[PDB]
Amino acid sequence: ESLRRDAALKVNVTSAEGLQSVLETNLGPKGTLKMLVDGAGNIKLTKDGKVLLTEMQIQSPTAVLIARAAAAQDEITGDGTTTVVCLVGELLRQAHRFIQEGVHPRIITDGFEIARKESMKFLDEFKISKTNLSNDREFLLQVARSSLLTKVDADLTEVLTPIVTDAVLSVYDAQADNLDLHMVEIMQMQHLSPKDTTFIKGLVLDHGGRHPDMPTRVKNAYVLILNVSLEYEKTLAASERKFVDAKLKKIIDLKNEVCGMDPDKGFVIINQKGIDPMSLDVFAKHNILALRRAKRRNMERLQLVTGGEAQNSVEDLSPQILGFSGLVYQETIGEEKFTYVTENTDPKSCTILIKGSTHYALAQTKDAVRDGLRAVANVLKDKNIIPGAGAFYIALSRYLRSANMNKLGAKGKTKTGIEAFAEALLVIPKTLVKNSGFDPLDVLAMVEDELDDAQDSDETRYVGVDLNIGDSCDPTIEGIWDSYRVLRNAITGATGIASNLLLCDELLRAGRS
Amino acid sequence: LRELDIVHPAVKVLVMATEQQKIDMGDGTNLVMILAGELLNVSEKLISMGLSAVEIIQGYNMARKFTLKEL
Amino acid sequence: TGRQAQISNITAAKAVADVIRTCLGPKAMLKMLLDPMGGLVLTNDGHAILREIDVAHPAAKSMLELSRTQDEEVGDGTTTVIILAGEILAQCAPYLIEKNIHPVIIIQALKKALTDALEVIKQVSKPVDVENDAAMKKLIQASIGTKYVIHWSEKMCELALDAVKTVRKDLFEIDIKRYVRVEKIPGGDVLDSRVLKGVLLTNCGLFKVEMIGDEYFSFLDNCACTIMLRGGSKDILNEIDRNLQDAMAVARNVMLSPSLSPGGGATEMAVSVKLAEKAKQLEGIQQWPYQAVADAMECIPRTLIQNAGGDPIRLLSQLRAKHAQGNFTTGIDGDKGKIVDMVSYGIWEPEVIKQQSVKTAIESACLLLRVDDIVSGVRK
Amino acid sequence: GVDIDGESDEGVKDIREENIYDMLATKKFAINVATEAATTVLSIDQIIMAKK
C-alpha cells in the first residue's frame, strides 16, 4: 500500500500560530493589557510576559515550550517578549511559500544559523559606545522613559523617570557594582493613587508603636538594634521587673553618652517582641521613639542600612551599635505605622514607595518598576547602547539583501532560508505602526525611502521610527535605546525557538499515565 | 455593587473603582458611576468609526487637565 | 413592535447601503450574488442588484421603487444616494430609540434641512454658457471616465450633444427630446458613424440609398434628428446606449440647471461644513437632530476613501478644513485619494444632480420614520 | 441653576438662596476615577484563567 508517512503543513502550525494574533495586540507602547481573574474576584491586569505564558492556560501544547523558552527572556530581558513570538509566526507562513514547494525543512535551518553569525557582524557596527562612568543622566532618562511608555501611561512616566534613574545610581559606583539581590524592598500597600508614588533612599519598617505621643517627624535618631524585648510579663512579679528597670537605665545612660540632650541628636529603639504600653510612658517623657513586633529580616537589614551593629543583650552597649539617619518620619495608615528612614550618610540600598487602590493597579506597577529598573541596570553594565525604535530590525533586513552571493556565496538552496529571515525582521516595526492607527506598509515605505538616501549621503546616521507622526526620525532625538545584552539573547533565542518548531513534521500521543 | 454578585469580569473594573472614591472622599459615588459609565457609552460611536484607543485615551487625559484648570 | 420594529427597518436600509458604498466612482468595486436557484450575477451597478434580490425586510422593498425614480433621471452615480437615506436612519439611534425624539420633530428638522440644503446648493452654483461645444464636450465625458469608451467617446459623445440641441431649443426652454430615433447597427468599427440632419425613413440637395444588411436609407427634407450608430462588436450595443442614450440626462440637466457643482462626490464636502455652521444659529430643541444631519453628510465621501484605501478619520480632518475655511470649490480626488481641488480635476456636475439626490432622500427618509411598526400575515 | 419643583416650565432657579452646591474635592476626584476606569476597560485585551 505504501503512502501513509505524513505531510508538513499548517496543521502543526495551528498550535504555534495561536499566540501570534493574541500577542500581537499588546506589542509596543500602544498595545493593550491582559487581565487574569479568579473565582474569588481578584484581577491582575498586565501585558508582561509572566502572565502571557506561565499564567496563561491554553489547550495548545506548543505554548508549554514557549513558556519554558521564555524563562531566559524574562530573566535577561523581560520586556518586549512578544517580539520573538511574532518572528516565529511570520516564519511559519514562509514554510507554505518554501517548504510546500518541496524544500526540506533542514535546508531553511541553515539560513537561521548563518543569519545569527551575520547578525553579530551587523550588531557590532550598529552599536554605539558610551561611557557609563561619567554618570550622564541624559541617556538614563531616555532609556527609562522608553521603558515606562511601553508599560505605563505618560502620567506615570514623568513621575517614575527620575525615580528609577536615581534608584540604580545609588548602588552604582566607579566599579560598576550593582546588586539587585540585596536591594529589593517592595512595599505592597493601598494608598491614594499610583500617581502619588514617592522614592525613599532607605529601608521602610512596616511596624510601629501605638502610643499617641510617639514623635512622627524627627530630625535624626540613633537606631539601637535589640533582638530581645523588655516588658511586663506574667512571670515573683518584682523579680522580672528588676532586670527590666536595671537595663532601662542603661538605655537612658546610652542616650547620655551620645548627649541626647542636644535637640539635634535623637534616640530610638526597636524590639522583636511586643512592648508594654506602661513602659512607653518613660520613652514619651524623654521623647524616645519605640518600635515593637519587628521582623527578623528587617532587623538584619538595619545593620547595613543605618550603619550600626546588631546587638542581642541590652547589657552590652557601645556607641558603634547606634546608627545614623538624616530624616526620620512616621506615618499612620490603618492599623500599622510606617517609619521612613532616609537621608543616610552612605545608603547601601533604596526603595520606591508604591501607591494605588485596586489590586490590578498595584500589580501593573509592581512588575513595571522591577522590569524598568532591570532595563536601565543593563545600561550601566553595557558599555555599548543600541539604537532602538526599529532601527536595528529595518537596517538588518537591508544588509541581508545587499550581500547574498558576494559574501556568503549561497548555492541557491540556502538563499531562500536567508531571505525568509529578512522578511520577518520588518514584522516587529510593522506591529508598532498597526497599533498606532497608521497604515503599516505606507509608514515603513517612507522609512525605507530615507534609508536609500542615507546610503548615498556618505555619512553615518541611523533612521528611526516615529509612531506619533508616522515618518522617520533620529533614535537619539527620540530617546528610544536598547541595551547590548537585551538584543544579544533576543536574536540568539529567536533562532532556537523558530527552528525547533519547524523541525517537527509529525505529532503523536502516547506514554505512561 | 458590593452586595451584588456579578459574573462578568470585564465590568468589574467599575466595581473596584468605587474604593478609590470612598477612601479619598466617600461621597459622589453615584456621580462617578454615571460619569464613568457614560464616557464608555459615548465612545462606542468612535469605536465603530474605526478610531484607535490611542487618541481616545489621550483625548480624555487631555480634557481632564483642562477641567482642573477651569475648576 | 413599536420602537423595536423601527430598529429592524434602520438595519434593513443600513445593510443595503453598506453594499452600495463601493459602487460609486471610477474605482467602484463589484458585488457577487448567489440565488437559491444557483445563478450568479457579478456587476458594479446597484440597479440590477436591487431588482434581482428579494429582501425579507419590508422596509428595504421601498428602496426598490426609489431606485427606479433615481434611475429615471440620470441613473449613473445616483444609486448610491440611498446611502444618505440609510445614514439618517442610523443617525437617529442616539435620538429616536434613546432620547425618544418624536419622528415628526425629526421630519420638521428635515424640512428645515432640505430648505437650508437648497440654499447651500445655490452657494456652490457655477453657471456656464451652453453655446460652447468644447465646454459641453468635457461635461458629457464626466460619466465616461468609468468606462473604456473614453478614447472611443471622441466620435460618440459628439453625436449626442448635437442631436439634443436640435430637439431642445426653447419654448421657458422646456421641450420634448424624446422625438429622436436612435438606430443601432451591429458589427463594424465604433469609429464609423452617420451624420444625418432630418427625418429618417423643399429644395432637397440629394437623395441616395446606401447598402446596409438591416434596412435601406431614406432622407426626408423638412421645413427632428435621428442617430445611426455602428457598434464595434456584437453585444457592445448595450453599453453604447448607456454612454449615449443614457448620457442624454447630462444634456437635459445642463439646460435646466446651467450651474455646475463639484463632481465625483466632492459637492457634499462644502455642504456638511456649511450645515454645521447653520445649526449654531438655530438655537432650539431641533438643533441636535438638525446638526446631526451633517454627520450623515460626511459618510458619503468616505466611500471614496474606502475605495482609495485611505483613513477616513485622518484624511477628512484636512479635507473638511479646506471647505470650511479656504473656499467651497475644493474637492476630493477619488482615484488616489488626494486633496487636489476640483478646479484642476476638470469635472463638474450640474446642481440638479445633488438637488434631486437630497430631495428624494429626505422624502424617502420621512416616510420610513412615519411607519410605527410592520405586521404580516394578513392573507390579502 | 436648575431646580425643578413647580418651576419646571421656567427651568432656572437661584442656587444661592437654595444653597445648592457641589463639592470641589469630589469633582476633582470624580474625573480622575472616571478617566482611569474608562481607559482601563479600553486597555483590556483578553481574559486569562490560570489553573481553573
# chains A, B, ... in the order shown; residues from 1 in each chain; ligands from 1
$ residues_around --residues "residue 258 in chain C" --least-positions-apart "3" --cutoff "8 Å" --atoms "only C-alpha atoms" --output "PDB file with C-alpha atoms, in the first residue's frame"
ATOM      1  CA  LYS C 126     -21.341  77.992 -11.031  1.00  0.00           C
ATOM      2  CA  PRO C 127     -23.256  78.952 -14.193  1.00  0.00           C
ATOM      3  CA  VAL C 128     -21.712  78.221 -17.586  1.00  0.00           C
ATOM      4  CA  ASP C 129     -22.781  79.017 -21.138  1.00  0.00           C
ATOM      5  CA  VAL C 130     -24.161  76.139 -23.211  1.00  0.00           C
ATOM      6  CA  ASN C 253     -29.593  68.664 -16.763  1.00  0.00           C
ATOM      7  CA  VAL C 254     -27.366  71.395 -18.217  1.00  0.00           C
ATOM      8  CA  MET C 255     -30.374  73.035 -19.891  1.00  0.00           C
ATOM      9  CA  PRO C 350     -24.972  70.215 -12.543  1.00  0.00           C
TER      10      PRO C 350
END
$ select_by_dssp --residues "range 39-283 of chain C" --states "alpha helix (DSSP H)" --output "VMD selection string"
chain C and resid 46 to 52 58 to 73 82 to 91 103 to 123 133 to 140 157 to 168 237 to 243 248 to 256 267 to 280
$ closest_residue --among "A:308, A:356, A:266, A:111" --to "chain B" --atoms "only C-alpha atoms"
A:356
$ closest_residue --among "A:254, A:63, A:410, A:144" --to "residue 482 in chain A" --atoms "only C-alpha atoms"
A:144
$ residues_around --residues "residue 13 in chain B" --least-positions-apart "3" --cutoff "8 Å" --atoms "only C-alpha atoms" --output "ChimeraX atom specification"
/B:9-10,16-17 /D:37,40-41
$ closest_atom_pairs --of "chain D" --to "chain B" --cutoff "12 Å" --atoms "only C-alpha atoms" --output "Markdown table"
| residue | atom | partner | partner_atom | distance |
| --- | --- | --- | --- | --- |
| D:22 | CA | B:28 | CA | 9.3 |
| D:23 | CA | B:28 | CA | 8.7 |
| D:24 | CA | B:71 | CA | 7.6 |
| D:25 | CA | B:25 | CA | 7.7 |
| D:26 | CA | B:28 | CA | 6.5 |
| D:27 | CA | B:28 | CA | 8.2 |
| D:28 | CA | B:68 | CA | 6.8 |
| D:29 | CA | B:21 | CA | 7.0 |
| D:30 | CA | B:32 | CA | 5.4 |
| D:31 | CA | B:64 | CA | 6.7 |
| D:32 | CA | B:64 | CA | 7.5 |
| D:33 | CA | B:17 | CA | 6.8 |
| D:34 | CA | B:36 | CA | 4.3 |
| D:35 | CA | B:60 | CA | 6.5 |
| D:36 | CA | B:17 | CA | 8.6 |
| D:37 | CA | B:14 | CA | 6.3 |
| D:38 | CA | B:36 | CA | 6.1 |
| D:39 | CA | B:57 | CA | 5.8 |
| D:40 | CA | B:13 | CA | 7.4 |
| D:41 | CA | B:13 | CA | 6.9 |
| D:42 | CA | B:53 | CA | 6.8 |
| D:43 | CA | B:53 | CA | 8.0 |
| D:44 | CA | B:10 | CA | 7.9 |
| D:45 | CA | B:10 | CA | 10.1 |
| D:46 | CA | B:10 | CA | 9.5 |
| D:47 | CA | B:9 | CA | 8.1 |
| D:48 | CA | B:9 | CA | 10.5 |
| D:49 | CA | B:9 | CA | 11.2 |
$ write_last_selection --atoms "N, CA and C atoms" --output "PDB file, in the first residue's frame"
ATOM      1  N   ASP D  22     -21.932  71.895  44.747  1.00  0.00           N
ATOM      2  CA  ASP D  22     -21.214  70.639  44.603  1.00  0.00           C
ATOM      3  C   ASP D  22     -19.826  70.759  45.218  1.00  0.00           C
ATOM      4  N   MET D  23     -19.334  69.642  45.749  1.00  0.00           N
ATOM      5  CA  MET D  23     -18.025  69.631  46.387  1.00  0.00           C
ATOM      6  C   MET D  23     -16.924  69.680  45.333  1.00  0.00           C
ATOM      7  N   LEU D  24     -15.921  70.529  45.566  1.00  0.00           N
ATOM      8  CA  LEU D  24     -14.833  70.662  44.602  1.00  0.00           C
ATOM      9  C   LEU D  24     -13.884  69.472  44.667  1.00  0.00           C
ATOM     10  N   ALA D  25     -13.547  69.019  45.878  1.00  0.00           N
ATOM     11  CA  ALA D  25     -12.658  67.871  46.014  1.00  0.00           C
ATOM     12  C   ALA D  25     -13.288  66.604  45.453  1.00  0.00           C
ATOM     13  N   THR D  26     -14.619  66.524  45.453  1.00  0.00           N
ATOM     14  CA  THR D  26     -15.289  65.367  44.869  1.00  0.00           C
ATOM     15  C   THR D  26     -15.200  65.391  43.348  1.00  0.00           C
ATOM     16  N   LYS D  27     -15.407  66.561  42.739  1.00  0.00           N
ATOM     17  CA  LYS D  27     -15.358  66.660  41.283  1.00  0.00           C
ATOM     18  C   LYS D  27     -13.946  66.430  40.759  1.00  0.00           C
ATOM     19  N   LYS D  28     -12.933  66.917  41.481  1.00  0.00           N
ATOM     20  CA  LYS D  28     -11.554  66.652  41.082  1.00  0.00           C
ATOM     21  C   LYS D  28     -11.257  65.159  41.090  1.00  0.00           C
ATOM     22  N   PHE D  29     -11.740  64.448  42.108  1.00  0.00           N
ATOM     23  CA  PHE D  29     -11.533  63.008  42.190  1.00  0.00           C
ATOM     24  C   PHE D  29     -12.514  62.226  41.327  1.00  0.00           C
ATOM     25  N   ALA D  30     -13.638  62.833  40.941  1.00  0.00           N
ATOM     26  CA  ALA D  30     -14.595  62.139  40.086  1.00  0.00           C
ATOM     27  C   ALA D  30     -14.048  61.974  38.673  1.00  0.00           C
ATOM     28  N   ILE D  31     -13.493  63.049  38.106  1.00  0.00           N
ATOM     29  CA  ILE D  31     -12.931  62.970  36.763  1.00  0.00           C
ATOM     30  C   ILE D  31     -11.655  62.141  36.736  1.00  0.00           C
ATOM     31  N   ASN D  32     -10.972  62.000  37.875  1.00  0.00           N
ATOM     32  CA  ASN D  32      -9.772  61.174  37.922  1.00  0.00           C
ATOM     33  C   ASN D  32     -10.115  59.689  37.936  1.00  0.00           C
ATOM     34  N   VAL D  33     -11.126  59.299  38.715  1.00  0.00           N
ATOM     35  CA  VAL D  33     -11.527  57.897  38.764  1.00  0.00           C
ATOM     36  C   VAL D  33     -12.242  57.501  37.479  1.00  0.00           C
ATOM     37  N   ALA D  34     -13.078  58.394  36.943  1.00  0.00           N
ATOM     38  CA  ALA D  34     -13.808  58.083  35.718  1.00  0.00           C
ATOM     39  C   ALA D  34     -12.863  57.911  34.536  1.00  0.00           C
ATOM     40  N   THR D  35     -11.842  58.765  34.435  1.00  0.00           N
ATOM     41  CA  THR D  35     -10.879  58.634  33.346  1.00  0.00           C
ATOM     42  C   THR D  35     -10.018  57.390  33.521  1.00  0.00           C
ATOM     43  N   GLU D  36      -9.594  57.105  34.753  1.00  0.00           N
ATOM     44  CA  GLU D  36      -8.769  55.926  34.998  1.00  0.00           C
ATOM     45  C   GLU D  36      -9.552  54.642  34.755  1.00  0.00           C
ATOM     46  N   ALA D  37     -10.844  54.638  35.087  1.00  0.00           N
ATOM     47  CA  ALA D  37     -11.661  53.448  34.878  1.00  0.00           C
ATOM     48  C   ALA D  37     -12.069  53.279  33.420  1.00  0.00           C
ATOM     49  N   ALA D  38     -12.311  54.382  32.707  1.00  0.00           N
ATOM     50  CA  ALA D  38     -12.694  54.281  31.303  1.00  0.00           C
ATOM     51  C   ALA D  38     -11.533  53.793  30.446  1.00  0.00           C
ATOM     52  N   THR D  39     -10.331  54.325  30.681  1.00  0.00           N
ATOM     53  CA  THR D  39      -9.161  53.878  29.935  1.00  0.00           C
ATOM     54  C   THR D  39      -8.733  52.470  30.325  1.00  0.00           C
ATOM     55  N   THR D  40      -9.090  52.016  31.528  1.00  0.00           N
ATOM     56  CA  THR D  40      -8.753  50.655  31.934  1.00  0.00           C
ATOM     57  C   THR D  40      -9.562  49.631  31.148  1.00  0.00           C
ATOM     58  N   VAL D  41     -10.853  49.898  30.942  1.00  0.00           N
ATOM     59  CA  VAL D  41     -11.689  48.984  30.171  1.00  0.00           C
ATOM     60  C   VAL D  41     -11.227  48.936  28.719  1.00  0.00           C
ATOM     61  N   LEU D  42     -10.825  50.084  28.168  1.00  0.00           N
ATOM     62  CA  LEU D  42     -10.340  50.112  26.793  1.00  0.00           C
ATOM     63  C   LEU D  42      -9.006  49.392  26.651  1.00  0.00           C
ATOM     64  N   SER D  43      -8.237  49.294  27.736  1.00  0.00           N
ATOM     65  CA  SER D  43      -6.952  48.607  27.703  1.00  0.00           C
ATOM     66  C   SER D  43      -7.078  47.100  27.875  1.00  0.00           C
ATOM     67  N   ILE D  44      -8.269  46.595  28.199  1.00  0.00           N
ATOM     68  CA  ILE D  44      -8.457  45.159  28.373  1.00  0.00           C
ATOM     69  C   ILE D  44      -8.345  44.467  27.022  1.00  0.00           C
ATOM     70  N   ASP D  45      -7.550  43.398  26.969  1.00  0.00           N
ATOM     71  CA  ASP D  45      -7.321  42.654  25.738  1.00  0.00           C
ATOM     72  C   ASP D  45      -8.007  41.293  25.755  1.00  0.00           C
ATOM     73  N   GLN D  46      -7.601  40.400  26.656  1.00  0.00           N
ATOM     74  CA  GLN D  46      -8.189  39.071  26.728  1.00  0.00           C
ATOM     75  C   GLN D  46      -8.190  38.602  28.175  1.00  0.00           C
ATOM     76  N   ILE D  47      -9.249  37.895  28.559  1.00  0.00           N
ATOM     77  CA  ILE D  47      -9.365  37.352  29.908  1.00  0.00           C
ATOM     78  C   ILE D  47      -8.532  36.081  30.001  1.00  0.00           C
ATOM     79  N   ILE D  48      -7.720  35.982  31.052  1.00  0.00           N
ATOM     80  CA  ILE D  48      -6.815  34.857  31.254  1.00  0.00           C
ATOM     81  C   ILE D  48      -7.245  34.109  32.507  1.00  0.00           C
ATOM     82  N   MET D  49      -7.328  32.784  32.404  1.00  0.00           N
ATOM     83  CA  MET D  49      -7.650  31.918  33.530  1.00  0.00           C
ATOM     84  C   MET D  49      -6.473  30.988  33.784  1.00  0.00           C
TER      85      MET D  49
END
$ closest_atom_pairs --of "chain C" --to "chain A" --cutoff "12 Å" --atoms "only C-alpha atoms" --output "Markdown table"
| residue | atom | partner | partner_atom | distance |
| --- | --- | --- | --- | --- |
| C:309 | CA | A:439 | CA | 9.8 |
| C:310 | CA | A:439 | CA | 8.6 |
| C:311 | CA | A:438 | CA | 8.3 |
| C:312 | CA | A:437 | CA | 11.7 |
| C:313 | CA | A:437 | CA | 10.2 |
| C:314 | CA | A:438 | CA | 9.4 |
| C:315 | CA | A:438 | CA | 11.5 |
$ residues_around --residues "range 11-19 of chain D" --least-positions-apart "6" --cutoff "12 Å" --atoms "only C-alpha atoms" --output "ChimeraX atom specification"
/D:1-5
$ select_by_dssp --residues "range 33-75 of chain C" --states "strand (DSSP E or B)" --output "PyMOL selection string"
chain C and resi 33-34+40-43
$ write_last_selection --atoms "C-alpha atoms" --output "mmCIF file, in the first residue's frame"
data_model
loop_
_atom_site.group_PDB
_atom_site.id
_atom_site.type_symbol
_atom_site.label_atom_id
_atom_site.label_comp_id
_atom_site.auth_asym_id
_atom_site.auth_seq_id
_atom_site.Cartn_x
_atom_site.Cartn_y
_atom_site.Cartn_z
ATOM 1 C CA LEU C 33 -24.754 37.397 -5.686
ATOM 2 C CA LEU C 34 -25.918 33.824 -5.087
ATOM 3 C CA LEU C 40 -24.557 34.265 -10.114
ATOM 4 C CA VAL C 41 -24.707 37.952 -11.065
ATOM 5 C CA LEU C 42 -21.480 39.980 -10.823
ATOM 6 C CA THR C 43 -21.823 43.687 -11.598
#
$ residues_around --residues "residue 161 in chain C" --least-positions-apart "5" --cutoff "10 Å" --atoms "only C-alpha atoms" --output "number ranges by chain"
C: 133, 136-137, 140, 156, 166, 244, 247-248, 250-251
$ residues_around --residues "residue 71 in chain C" --least-positions-apart "2" --cutoff "12 Å" --atoms "only C-alpha atoms" --output "PyMOL selection string"
chain C and resi 45-48+64-69+73-82+242+246-247+249+353+356-357+360
$ write_last_selection --atoms "C-alpha atoms" --output "mmCIF file, in the first residue's frame"
data_model
loop_
_atom_site.group_PDB
_atom_site.id
_atom_site.type_symbol
_atom_site.label_atom_id
_atom_site.label_comp_id
_atom_site.auth_asym_id
_atom_site.auth_seq_id
_atom_site.Cartn_x
_atom_site.Cartn_y
_atom_site.Cartn_z
ATOM 1 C CA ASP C 45 -24.390 48.618 -10.918
ATOM 2 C CA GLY C 46 -26.818 48.648 -7.998
ATOM 3 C CA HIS C 47 -29.821 48.892 -10.321
ATOM 4 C CA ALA C 48 -29.902 45.197 -11.242
ATOM 5 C CA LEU C 64 -36.510 49.369 -4.917
ATOM 6 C CA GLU C 65 -39.100 51.881 -6.134
ATOM 7 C CA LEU C 66 -36.833 54.748 -5.056
ATOM 8 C CA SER C 67 -34.027 53.391 -7.245
ATOM 9 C CA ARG C 68 -36.397 53.397 -10.231
ATOM 10 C CA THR C 69 -37.106 57.101 -9.682
ATOM 11 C CA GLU C 73 -33.467 60.968 -14.149
ATOM 12 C CA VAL C 74 -29.769 60.094 -14.506
ATOM 13 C CA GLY C 75 -29.062 56.553 -13.313
ATOM 14 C CA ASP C 76 -25.255 56.857 -13.202
ATOM 15 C CA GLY C 77 -23.952 57.602 -9.711
ATOM 16 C CA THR C 78 -27.445 58.280 -8.332
ATOM 17 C CA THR C 79 -27.810 54.727 -6.983
ATOM 18 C CA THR C 80 -25.510 55.470 -4.029
ATOM 19 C CA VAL C 81 -27.834 58.302 -2.931
ATOM 20 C CA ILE C 82 -29.739 55.637 -0.965
ATOM 21 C CA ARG C 242 -25.519 53.653 -21.604
ATOM 22 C CA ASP C 246 -28.488 57.204 -21.123
ATOM 23 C CA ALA C 247 -25.989 60.085 -21.345
ATOM 24 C CA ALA C 249 -29.532 63.189 -18.977
ATOM 25 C CA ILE C 353 -27.669 66.149 -9.575
ATOM 26 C CA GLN C 356 -32.801 65.528 -6.867
ATOM 27 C CA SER C 357 -30.469 63.431 -4.697
ATOM 28 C CA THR C 360 -35.674 62.216 -2.943
#
$ atom_distance --atom1 "CA of residue 232 in chain A" --atom2 "CA of residue 256 in chain A"
24.9 Å
$ residues_around --residues "residue 395 in chain A" --least-positions-apart "3" --cutoff "12 Å" --atoms "only C-alpha atoms" --output "ChimeraX atom specification"
/A:119,122-123,125-126,387-392,398-402,422,425-426,429,444,447-448,450-452,454-455,461-465
$ write_last_selection --atoms "N, CA and C atoms" --output "compact mmCIF listing (two decimals), in the first residue's frame"
# COMPACT_ATOMS: atom_id res chain seq x y z
N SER A 119 24.18 38.48 11.92
CA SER A 119 23.58 39.49 12.78
C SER A 119 24.60 40.05 13.76
N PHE A 122 26.64 42.57 12.01
CA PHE A 122 25.91 43.83 11.89
C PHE A 122 25.66 44.48 13.24
N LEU A 123 25.48 43.67 14.29
CA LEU A 123 25.26 44.23 15.62
C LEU A 123 26.49 44.95 16.14
N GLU A 125 28.78 46.70 14.37
CA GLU A 125 28.90 48.02 13.75
C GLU A 125 27.73 48.92 14.09
N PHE A 126 26.57 48.35 14.42
CA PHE A 126 25.38 49.15 14.68
C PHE A 126 25.34 49.73 16.08
N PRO A 387 20.80 51.65 19.35
CA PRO A 387 19.66 52.47 18.92
C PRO A 387 18.41 51.63 18.76
N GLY A 388 17.31 52.13 19.29
CA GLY A 388 16.02 51.46 19.25
C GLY A 388 15.12 52.01 18.17
N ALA A 389 13.81 51.96 18.43
CA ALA A 389 12.79 52.47 17.51
C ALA A 389 12.85 51.77 16.16
N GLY A 390 13.08 50.46 16.18
CA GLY A 390 13.11 49.68 14.96
C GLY A 390 14.27 49.97 14.03
N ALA A 391 15.29 50.69 14.50
CA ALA A 391 16.43 51.00 13.63
C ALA A 391 17.29 49.77 13.39
N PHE A 392 17.32 48.83 14.34
CA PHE A 392 18.14 47.63 14.17
C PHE A 392 17.46 46.62 13.25
N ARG A 398 18.00 45.18 5.20
CA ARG A 398 18.67 45.72 4.02
C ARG A 398 20.09 45.18 3.88
N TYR A 399 20.76 44.91 5.01
CA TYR A 399 22.10 44.35 4.95
C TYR A 399 22.10 42.94 4.39
N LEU A 400 21.04 42.17 4.64
CA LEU A 400 20.96 40.82 4.11
C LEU A 400 20.64 40.80 2.62
N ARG A 401 19.85 41.77 2.15
CA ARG A 401 19.50 41.81 0.73
C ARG A 401 20.67 42.31 -0.12
N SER A 402 21.52 43.17 0.45
CA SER A 402 22.64 43.72 -0.32
C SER A 402 23.69 42.65 -0.59
N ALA A 422 14.93 37.64 6.67
CA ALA A 422 14.81 39.08 6.47
C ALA A 422 13.37 39.53 6.32
N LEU A 425 12.03 40.29 9.83
CA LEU A 425 12.66 41.39 10.55
C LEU A 425 11.81 42.65 10.52
N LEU A 426 11.05 42.86 9.46
CA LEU A 426 10.19 44.04 9.34
C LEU A 426 8.84 43.86 10.03
N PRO A 429 8.65 46.19 13.56
CA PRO A 429 8.21 47.58 13.34
C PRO A 429 6.86 47.67 12.66
N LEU A 444 6.24 52.18 6.75
CA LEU A 444 7.53 51.53 6.54
C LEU A 444 8.11 51.85 5.17
N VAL A 447 10.00 55.03 5.53
CA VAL A 447 11.23 54.82 6.29
C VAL A 447 12.31 54.24 5.39
N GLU A 448 11.95 53.30 4.51
CA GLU A 448 12.92 52.74 3.58
C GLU A 448 13.37 53.75 2.54
N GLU A 450 14.09 56.90 3.17
CA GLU A 450 15.19 57.62 3.80
C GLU A 450 16.43 56.75 3.92
N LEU A 451 16.25 55.43 4.06
CA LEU A 451 17.39 54.53 4.14
C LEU A 451 18.16 54.51 2.82
N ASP A 452 17.45 54.63 1.69
CA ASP A 452 18.13 54.68 0.40
C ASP A 452 18.92 55.97 0.24
N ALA A 454 20.22 57.58 2.76
CA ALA A 454 21.31 57.56 3.73
C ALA A 454 22.53 56.83 3.17
N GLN A 455 22.32 55.85 2.29
CA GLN A 455 23.44 55.13 1.70
C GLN A 455 24.20 56.01 0.72
N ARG A 461 24.61 57.66 9.95
CA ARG A 461 23.34 58.08 10.52
C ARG A 461 22.46 56.85 10.71
N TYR A 462 21.47 56.99 11.59
CA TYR A 462 20.53 55.92 11.88
C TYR A 462 19.11 56.45 11.70
N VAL A 463 18.28 55.68 11.00
CA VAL A 463 16.91 56.06 10.71
C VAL A 463 15.99 55.40 11.74
N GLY A 464 15.21 56.22 12.44
CA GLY A 464 14.28 55.74 13.44
C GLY A 464 12.85 55.70 12.92
N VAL A 465 11.96 55.26 13.80
CA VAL A 465 10.54 55.14 13.50
C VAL A 465 9.77 55.93 14.56
$ closest_residue --among "C:375, C:93, C:223, C:229" --to "chain B" --atoms "only C-alpha atoms"
C:93
$ interface_residues --of "chain A" --to "chain D" --cutoff "12 Å" --atoms "only C-alpha atoms" --output "ChimeraX atom specification"
/A:19,21-27,29-47,50-59,151-153,155,192-195,356-358,360-361,364
$ write_last_selection --atoms "C-alpha atoms" --output "tab-separated table (two decimals), in the first residue's frame"
chain	number	residue	atom	x	y	z
A	19	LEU	CA	-0.29	33.02	20.24
A	21	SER	CA	-2.53	37.23	16.95
A	22	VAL	CA	-3.02	37.03	20.72
A	23	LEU	CA	0.38	38.59	21.49
A	24	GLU	CA	0.26	40.98	18.52
A	25	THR	CA	-2.24	43.41	20.07
A	26	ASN	CA	-0.21	44.12	23.22
A	27	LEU	CA	3.11	44.55	21.38
A	29	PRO	CA	3.78	51.11	23.80
A	30	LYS	CA	0.37	51.49	22.11
A	31	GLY	CA	-0.59	47.91	22.97
A	32	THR	CA	-3.32	46.76	25.34
A	33	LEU	CA	-3.32	44.88	28.65
A	34	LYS	CA	-4.46	41.37	29.52
A	35	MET	CA	-6.37	40.56	32.71
A	36	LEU	CA	-6.36	37.44	34.90
A	37	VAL	CA	-9.45	36.85	37.05
A	38	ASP	CA	-10.03	34.03	39.54
A	39	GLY	CA	-13.17	32.68	41.17
A	40	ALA	CA	-12.66	34.96	44.18
A	41	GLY	CA	-12.72	38.16	42.10
A	42	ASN	CA	-9.03	39.09	42.18
A	43	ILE	CA	-8.00	40.66	38.86
A	44	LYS	CA	-4.38	41.10	37.74
A	45	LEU	CA	-4.12	43.32	34.65
A	46	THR	CA	-0.78	43.42	32.83
A	47	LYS	CA	0.68	42.58	29.42
A	50	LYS	CA	4.86	36.44	33.04
A	51	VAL	CA	1.07	36.28	32.62
A	52	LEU	CA	1.28	35.81	28.84
A	53	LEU	CA	2.61	32.25	29.11
A	54	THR	CA	3.22	30.84	32.59
A	55	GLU	CA	-0.07	32.17	33.99
A	56	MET	CA	-1.96	31.54	30.73
A	57	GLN	CA	-3.83	28.27	30.21
A	58	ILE	CA	-4.44	27.07	26.65
A	59	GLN	CA	-5.01	23.67	25.03
A	151	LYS	CA	4.37	49.77	30.17
A	152	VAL	CA	2.53	52.59	31.97
A	153	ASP	CA	0.93	55.76	30.61
A	155	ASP	CA	1.47	60.44	33.54
A	192	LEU	CA	-4.03	57.34	47.36
A	193	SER	CA	-3.42	56.73	43.61
A	194	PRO	CA	-0.38	55.25	41.83
A	195	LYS	CA	0.48	58.74	40.54
A	356	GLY	CA	-2.64	52.60	44.47
A	357	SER	CA	-6.06	51.27	45.39
A	358	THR	CA	-7.31	48.41	43.22
A	360	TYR	CA	-4.70	45.36	39.31
A	361	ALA	CA	-3.33	48.90	39.70
A	364	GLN	CA	0.53	46.77	36.96
